[PDB]
Structure formats: structure tokens, C-alpha cells
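A.B. asks: A structural model of the following input is requested.
(7 chains)
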Amino acid sequence: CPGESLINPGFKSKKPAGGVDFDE
Amino acid sequence: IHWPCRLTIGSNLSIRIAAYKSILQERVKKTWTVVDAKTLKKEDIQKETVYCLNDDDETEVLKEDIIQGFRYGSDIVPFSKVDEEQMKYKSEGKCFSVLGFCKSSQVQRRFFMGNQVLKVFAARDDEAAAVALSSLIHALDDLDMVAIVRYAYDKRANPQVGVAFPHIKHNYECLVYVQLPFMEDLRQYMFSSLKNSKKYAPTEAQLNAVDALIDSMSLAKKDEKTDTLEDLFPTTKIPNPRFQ
Amino acid sequence: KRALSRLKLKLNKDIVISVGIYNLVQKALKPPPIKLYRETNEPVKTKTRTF
Amino acid sequence: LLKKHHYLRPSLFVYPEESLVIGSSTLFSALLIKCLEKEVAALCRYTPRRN
Amino acid sequence: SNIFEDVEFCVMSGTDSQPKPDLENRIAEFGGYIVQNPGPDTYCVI
DNA sequence: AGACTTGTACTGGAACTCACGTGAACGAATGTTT
DNA sequence: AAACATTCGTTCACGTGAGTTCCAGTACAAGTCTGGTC
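C.D. replies: Numbering: from 1, shown residues only, chains lettered A, B, ... in the order given. Here you go, the structure:
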């Protein structure tokens, strides 16, 4: 399934923590 | 007890605030004290803990002879308390900082964490702080926004990321702070859908029956369809049965 | 995935449906420390008693 | 009638099991659909463990 | 031999020529108390 | 006969979670000293 | 009359016992393959 992690199958792949990024 | 601090937006803006704990789970002020069966005195009993090795002879190791270690996969990594204190994450305490402002829709109610709710007021006997906080609250309410903030009770308290949202009432207005989750506390579980399931789809008669059940068991009543609603079973006003 | 508990929701004294309770947000704690022997560096078993 | 500032404990998730009582999934789905339609929440008394 | 006697040695690094366990064995050959971590009774760390 | 493989059931331990206890630390009020 | 020390109720973090779910080890029984002779 798209978005499945390549390290731990069966778990959603967490996007990297980006913190606060102000919008334009 | 009031908690004083400064709400900071950058390094130039600072508003003096006082925080109180509004809602928290309440426990018994006193605890059961274990007393001797016959003498009924607390002085007559004593509790202590002893550590012994896993060898057959069952050696005795004193309290000063133990060092704390952790587990790294299939091994054990010694990590003394002093070394941990040296390497521990150090922070500057008593922070109420505004990381940012975000739309209310983005902060859902099912992600709230923690065991407390804080109410943030302006500092006592300070007109300027009151005006500043009122300005911020009204701006957030008009824009339909909340403030994502960093919170640390003291130097040794782990920093937290939470949401402060406005709360305006006729008598008083205040910010309400509730904790928010880190990345580590989120659980990614997948559940089967119920709308698309073929074998669990209810029929129309079942839906009508459940509609009748919901209608019959309503716990609120409209005031003659005139002004507003009224609650028939207000649970917030029921004392806790445990203490009774 | 693991169910905290499996309970019975009772609409009445006769209508009961089985449900499961899960937690979608759980606080993350450091793994608990384990005591170790300073000399040989092997785990030590702990016990408590009252007298 | 549910207040957002009346937070006391982290929330949980209730999902039908179907392994203990057969026919619970259908009633759970009907309750879900009608509750969403009427914008109501089921008030209940909860006891996780004995005592 | 009985050169070292009732001394706590706590070695946590060894040279490439002398790996940690090898040095542990050599020092233990002379009657030294090996301690995998230092402490109040530790005489010297290596 | 005998030995291994497969299927069913049971029991104990690991892991996870919550409740309860203990320890240390602290702002504000009060008492004491100068 | 003013400054400093002590005490008190509060707060947080960390540790330990009991309940629940899941999986591995164990036991037993049946099935399958084999051996030998008359």
C-alpha cells in the first residue's frame, strides 16, 4: 500500500518533523 | 497556587501572566497507613528493599554497589546517574512562548494529552497586562485561531508543546491551555471500514429503530422552541461517588 | 495494535454488544532503567519484604 | 453541550469486536450512522476493571 | 603473581595492540579486582 | 513393533497500561532578629 | 521598622504492584512411514 514504511511493515511512514515554517 | 510567567512573542514582546489549574483529576488528600495487626501502631512496622545477585550462592550487594543501565537491543549499556546528569537535556525553565498561530480547525480535540487544563489570566494588579492579553484574546477569537506554545513548569520539568485558545465570557476572558502530542505519542493503527462492509450494512428498518431509540433517550430539552437548550442530566454537577 | 480491554456495551439489561477499547495517543516514556552490578556488570534481582 | 475546556483525561477509541458477540457490528454501525445524522453523543457510565 | 593485591581497576579503553579484554586478562593475571565501572572504592580508571 | 510429523489444547511469562506511593523542590506568609 | 530564615501546601518526576492480551513451550493423540517373518 502507498505510504507503507520500508523499515517496519504494517505501519504508516511518518513524515519528518518539520517544526514551524511560516507561510508566505 | 498561581503560577507567574511571561507570554513571549519573539524577544521584544512580553505580557505578564498568571496561570491556574482549572480541571484535574482529584485524589484523596490522605492515604491508608499500614499498621501492626495487634499493636495498631505505625511505629511497629518497617519496609525495606534488598538486592541480591542472580548467582546460586545468592550474594548480597549493597545499595552503593548498583549502577543503572539501559537496554540497547540484545545487550545492556551501563549508564551511571552522574553521567546521565552530565549528558541530560538541559533547558531554561519557566517558559510560556508562542511558537506560532494556527487555525482552530487544525487542532483537533482527540489529540489533547496531559492530565490538566490551565487557565491563563493577566497578572494581578496590572492594567497594561490585562489590556495586552485582552487584545490577543480578541484577535484570536476574531480570526478563529489558536496559539501553539511551549510550556515548562520549572527547570527540571520536561518541556511541552500545547495549544492556548481564547475563552471569552461576559464576566471574564482568559486563555485556556491544553497539552498537545509529540510525534512519539501518536499511534498508527488501521481499522476496517464500516460503510463499505457488505456483511454489516444495516437495513432500513434497523435504521428506523435506532432513530426511534435515539429520539426516545434524549437527555436535553428545548425551552418551548424559544431561546436555547436545557440539560436534563448534568454530570458536571454530580459529586464523585468514590469519596461519598 | 493491541486492545486495552474488551468490554460489553449494554443498551439495556438484555441488549449487549461487544466492543474493544484502543488508545490512539499514548505518552512516550524513557525505557525503564535496570540495576546492574558495578563489578561484574550483570543484572541484580531485587526483592522487598516487611517485618 | 460538550465543552472543549472540560478536558480531564486522554480520549480512547471504541470499535466493535465481533469475536465475542455475533451481530454487534450491525448495531454499532447503525448507532454510528444515526448519531452522525442527529449530531449526538452517547453518554455512558464506564468501569474499565473490576473494583 | 601477587604484585597487585585487593585493588579495584576499572578499564574502559584499550589500545589497538592491547584490546580491552586482553588488558583485563593481563591485569587479572596479577591478582587485581576487575570492576567494569568505577566508583567510590575504585582506585584508578584506565 | 518403532520413530517422526501434524493438530489441538493448556499454562506461564513478556509486554503494556493504570493506580498509588514516595522523594525532592518552591513561592508566599509568618516569625524572628537587628 | 525592615531584612532574612523557616514552614506549609502544592507540584512534578520516578518507581512498584495488579489487571489484561499475546505468544512460546509443553503435553498428548492421531497420522504416516518403515522393518521382520511366516
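A.B. asks: when you work out contacts or count neighbours from here on, use the C-alpha atoms and nothing else.
C.D. replies: Will do.
A.B. asks: quick one: residue C:44 is in a strand?
C.D. replies: Yes: using DSSP: H, G, I helix; E, B strand; the rest coil, the assignment for residue C:44 is a strand.
A.B. asks: list the contacts of it.
C.D. replies: By Cα atoms under 8 Å, 6 or more residues apart in numbering or on different chains, the contact set of residue C:44 is B:51, B:52, B:53, B:54, C:35, C:36, C:37.
A.B. asks: what two of the residues you listed have the greatest distance between them?
C.D. replies: Spatial extent of the contacts of residue C:44 (Cα to Cα) is set by the pair B:54 and C:35 at 12.2 Å.
A.B. asks: name the residues contacting each of these two.
C.D. replies: Contacts common to residue B:54 and residue C:35, judged by Cα under 8 Å, 6+ apart, are C:43, C:44.
A.B. asks: stretch B:65-72 near chain C at all?
C.D. replies: Yes: using Cα under 8 Å from any Cα of the partner chain, we find that stretch B:65-72 touches chain C at B:65, B:66, B:67, B:68, B:69, B:70, B:71.
A.B. asks: quick check, the last one in contact with residue B:79.
C.D. replies: No: the pair residue B:71 and residue B:79 fails to qualify as a contact (Cα atoms under 8 Å) at a distance of 10.1 Å.
A.B. asks: so the two - more neighbours on which side?
C.D. replies: Comparing residue B:71 with residue B:79 by other Cα atoms under 10 Å in any protein chain shown, the one with more neighbours is residue B:79, at 16 against 13.
A.B. asks: before we move on, back to that, of the residues of stretch B:65-72 next to chain C - the most surrounded one?
C.D. replies: Going by other Cα under 10 Å, residue B:67 tops these with 23 neighbours.
A.B. asks: doesn't residue C:42 make contact with that residue?
C.D. replies: No: in this structure, residue B:67 is not within contact of residue C:42 by Cα under 8 Å, at 10.3 Å.
A.B. asks: quick check: neighbours shared by these two?
C.D. replies: By Cα under 8 Å, 6+ apart, the residues touching both residue B:67 and residue C:42 are residue C:36.
A.B. asks: what ranges does the chain have for its helices?
C.D. replies: Chain wasn't specified; assuming chain A. Using DSSP state H, chain A contains no helices.
A.B. asks: right idea, wrong chain: chain B
C.D. replies: B:81-87, B:127-143, B:204-216.
A.B. asks: how about the residues of chain C by chain E?
C.D. replies: C:38, C:39, C:40, C:41.
A.B. asks: now check stretch B:187-207, is it near chain C?
C.D. replies: Yes: on the criterion Cα under 8 Å from any Cα, stretch B:187-207 is in touch with chain C at B:187, B:188, B:189.
A.B. asks: give the buried residues for that stretch.
C.D. replies: Across stretch B:187-207, burial judged by 16 or more other Cα atoms under 10 Å in any protein chain shown covers B:194, B:200, B:201, B:202, B:207.
A.B. asks: how many neighbours does residue E:21 have?
C.D. replies: 13.
A.B. asks: are we agreed that it is in a helix?
C.D. replies: Yes: Residue E:21: assigned to a helix according to three-state DSSP.
A.B. asks: give the helix, strand or coil label for the residue nearest to residue B:207 when sequence neighbours are not counted.
C.D. replies: Among residues not flanking residue B:207 along the chain, residue D:30 sits closest, at 5.9 Å (Cα to Cα, 6 or more residues apart in numbering or on different chains). Look at residue D:30: counting by three-state DSSP, its state is helix.
A.B. asks: surely residue D:30 meets residue B:204?
C.D. replies: No: at 9.7 Å, residue D:30 does not count as touching residue B:204 under the criterion of Cα under 8 Å.
A.B. asks: what residues does chain A put near chain E?
C.D. replies: For chain A, the contact set with chain E under Cα under 8 Å from any Cα is empty.
A.B. asks: give me the number of residues near the closest residue in space to residue D:17 that isn't next to it in sequence?
C.D. replies: Spatial nearest neighbour of residue D:17, excluding adjacent residues (Cα to Cα, 6+ apart): residue C:19 at 5.1 Å. Look at residue C:19: counted by other Cα under 10 Å, it has 24 neighbours.
A.B. asks: state whether residue C:19 is indeed within a strand.
C.D. replies: Yes: per three-state DSSP, residue C:19 lies within a strand segment.
A.B. asks: for the residue of chain E found nearest chain D, which three-state class applies?
C.D. replies: Closest residue of chain E to chain D, Cα to the nearest Cα: residue E:37 (41.9 Å). Following three-state DSSP, residue E:37 is assigned to coil.
A.B. asks: that one: what's it in contact with?
C.D. replies: Neighbours of residue E:37 in contact, by Cα under 8 Å, 6+ apart: C:38, C:39, C:41, E:10, E:11, E:12.
A.B. asks: who wins for neighbours among these?
C.D. replies: Neighbour-wise, these (other Cα under 10 Å) top out at residue C:38, 23 neighbours.
A.B. asks: re the thing from before, show the buried residues in the contacts of residue C:44.
C.D. replies: Neighbour counting over the contacts of residue C:44 (16+ other Cα under 10 Å) leaves B:51, B:52, B:53, C:35, C:36, C:37 as the buried ones.
A.B. asks: closest to DNA strand F among the residues you listed?
C.D. replies: residue C:35 (14.6 Å; Cα to the nearest atom of the strand).
A.B. asks: just give the nearest non-adjacent residue to that closest one, would you?
C.D. replies: residue B:68 (4.7 Å).
A.B. asks: the one you found against residue C:36, yeah?
C.D. replies: Yes: counting by Cα under 8 Å, residue B:68 touches residue C:36, with 5.8 Å between them.
A.B. asks: which neighbours do those two have in common?
C.D. replies: Common contact partners of residue B:68 and residue C:36 (Cα under 8 Å, 6+ apart): residue B:78.
A.B. asks: center of chain A, which residue is that?
C.D. replies: residue A:15 (1.9 Å; Cα atoms, centre = their mean).
A.B. asks: my bad, chain D
C.D. replies: In chain D, the centroid-proximal residue (Cα atoms, centre = their mean) is residue D:14; its distance is 5.5 Å.
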